[PDB]
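# Summary of the model geometry
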Amino acid sequence: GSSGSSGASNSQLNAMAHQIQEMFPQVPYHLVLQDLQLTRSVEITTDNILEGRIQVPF
């Protein structure tokens with residue numbers, strides 16, 4: 001198994017978000033990502049949701 005051809009983009013975070021989105025769909029991606037770029041850990045990322053911190057009533 002393999003997947004990759006030349007420098008496309010390679011977005012590991014993107015994945016992380018998705019993974020989270022799954023367990024936590026309520027929260028959007030844009031936000032998730034961002035927070036991800038901050039927390040840099042789906043864990044510390046959810047720690048904000050699980051506890052309820054990132055509140056963006058859109």
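Residues numbered from 1 in each chain as written, not as in the entry; some residues may be left out. Heavy atoms only, no water.

### Section: the side chain of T46
Our working definition: The way it works is that DSSP assigns letters per residue, a run of H or I at least four long becomes a helix, a run of E at least two long becomes a strand, and they are numbered from the N terminus. Exposure classes here rest on a 1.4 Å probe applied to the protein chains alone. A residue is buried below 20% of its type maximum, exposed above 50%, and partly exposed in between. The term polar contact refers here to a pair of N or O atoms within 3.5 Å; inside protein, the definition further demands a hydrogen-donor-capable atom paired with an acceptor-capable atom, and it admits residues adjacent in sequence only when both atoms are side-chain atoms. By definition in these notes, contact holds between two residues if any of their heavy atoms fall within 4.5 Å.
For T46, the location among the structural elements is in helix α3 (residues 42-51). Judged by relative accessible area, which is 7%, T46 ranks as buried. One polar contact links the side chain of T46 to the main-chain carbonyl oxygen of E43, over a distance of 2.7 Å. The contact partners of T46, leaving out residues within four places of it in the chain, are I20, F24 and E51.

### Topic: the packing of helix α2 (residues 29-39) against α3
Put simply, the rule reads: Each axis is a line fitted through C-alpha atoms, taken for helices only over the stretch in contact, and angles between the N-to-C directions span 0 to 180 degrees. An angle below 35 degrees is treated as roughly parallel, one above 145 as roughly antiparallel, one from 65 to 115 as roughly perpendicular, and anything else as oblique. Two helices cross in a left-handed way if the nearer one is turned anticlockwise from the farther one by less than a right angle. They cross in a right-handed way if the turn is clockwise.
Running from amino to carboxyl end, α2 crosses α3 at an angle of 120°, the nearest separation of the two axes being 8 Å. With respect to α3, the axis of α2 lies oblique. Crossing hand, α2 versus α3: right-handed. Residues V32, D35, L36 and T39 of α2 lie in contact with α3, whose contacting residues are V42, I44, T45 and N48.

### Let's talk about the UniProt feature "domain: CUE" in the protein
The condition that has to hold: UniProt positions are given in the numbering used here, feature names are shortened, and annotations may be inferred rather than shown by experiment.
Within the UniProt annotation, "domain: CUE" is assigned to residues 12-54. Along residues 12-54 one finds 77% helix and 0% strand; the C-alpha atoms at either end are 22 Å apart.

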